[PDB]
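If you want my numbering, it's the 1-based position in the sequence shown plus 73.
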Amino acid sequence: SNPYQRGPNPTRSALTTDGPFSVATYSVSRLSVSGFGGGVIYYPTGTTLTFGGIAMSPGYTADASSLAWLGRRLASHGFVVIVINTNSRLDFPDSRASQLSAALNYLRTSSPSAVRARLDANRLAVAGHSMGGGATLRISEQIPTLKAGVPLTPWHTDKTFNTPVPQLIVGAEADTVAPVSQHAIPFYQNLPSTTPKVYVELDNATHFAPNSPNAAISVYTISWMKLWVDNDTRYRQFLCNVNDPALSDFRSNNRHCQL
């Protein structure tokens, strides 16, 4: 019996809409926190259970609203999610990584009591778009107790990240901002061979696909978070033996397909 398992047995279709948990939102004002620019918390309501936490970073120039659909999507599947605003819209990936760390500390320590009541403070993960995807890789190096990272169409000047944190990297096949041959794929290849890793390549997609509702991004992000944050092996089925019309490529070392 897995004490972290939440929700009914999944289907692929179920991972393309908001999940079964009702969601509350809390706006974190810039002037109320230090180390990051505030943001929005999405968290489950109507429940006595606790859930893992996820911090998400937008990309260059963007704010938390650019990932609002995804923060709510994840929270509704059973997670406490903070989507950050950054100190400056022009912050680069390593700065964003520091701010994700500050946001996770805040989430665990100083967020509203109703948020902390829903949070298992020890089961945490990260995701982000573009420069925020680079930040996801960087913070995974810095905090190797994180349970998972999901870099979405990631961008970073550094290509090698030494982390044991399982990563599912989403590339956009037709990306010209962070071309997968120069960003996503090198990131995937250069992670340690012993780290569980997946590369999902969205067929014909472009750089800003993650900022709009996207069924494939939802399926793979929920599944990776469930598998690693909750140890929920019911989600292996979406990550193994994959033949998905939305994808132009799927690569993995398949460490996640077994215990």
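All C-beta atoms in this analysis are idealised placements derived from N, C-alpha and C, irrespective of residue type, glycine included.
With 16 other CB atoms within 10 Å as the buried threshold, where does residue 104 fall?
On the sequence shown, position 31 is the one that residue 104 refers to. Exposed is the call here.
With DSSP as the reference, label residue 202 as helix, strand or coil.
On the sequence shown, position 129 is the one that residue 202 refers to. Looking at residue 202 - three-state DSSP - the assignment turns out to be strand.
What are the start and end residues of the beta strand (DSSP E) that includes residue 270?
The residue given as residue 270 occupies position 197 in the sequence shown. Residues 270 to 275.
In terms of residue numbering, what span does the alpha helix (DSSP H) encompassing residue 141 cover?
Counting from 1 along the sequence shown, the entry for residue 141 is found at position 68. Residues 141 to 149.
Would you say the segment 286 to 306 touches the segment 140 to 155, given that touching needs at least three Cβ pairs under 8 Å?
Result yes; three or more Cβ-Cβ pairs closer than 8 Å.
The alpha helix (DSSP H) with residue 240 in it runs from where to where?
Here residue 240 corresponds to residue number 167 of the sequence shown, with the count starting at 1. No alpha helix (DSSP H) contains residue 240, which is instead part of the beta strand (DSSP E) from 240 to 245.
In chain order, which continuous runs of the alpha helix (DSSP H) of length 4 or greater are located wholly inside the segment 293 to 327?
Complete alpha helix (DSSP H) runs here, min 4: none at all.
Grab the span of the beta strand (DSSP E) containing residue 258 for me, first residue to last.
Within the sequence shown, the letter at position 185 stands for residue 258. In this chain, residue 258 is not harboured by any beta strand (DSSP E); it is covered by the alpha helix (DSSP H) spanning 257 to 263.
Coarse secondary structure for residue 117, derived from DSSP in three states:
For the purposes of this step, residue 117 is taken as the residue at position 44 of the sequence shown. For residue 117, the three-state secondary structure derived from DSSP is strand.
Is the beta carbon of residue 159 closer than 8 Å to that of residue 109?
In the sequence shown, counting from the first residue as 1, residue 109 sits at position 36. In the sequence shown, counting from the first residue as 1, residue 159 sits at position 86. A distance below 8 Å separates the beta carbons of residue 109 and residue 159.
Between the CA atoms of residue 213 and residue 221 - distance to the nearest angstrom:
On the sequence shown, residue 221 is found 148 positions in, with the first residue counted as 1. On the sequence shown, residue 213 is found 140 positions in, with the first residue counted as 1. Cα to Cα, the separation comes out at about 8 Å.
Contact between the segment 303 to 318 and the segment 246 to 254 (3+ Cβ pairs under 8 Å):
Between the segment 303 to 318 and the segment 246 to 254, the count of Cβ pairs shorter than 8 Å is below three; the stretches do not touch.
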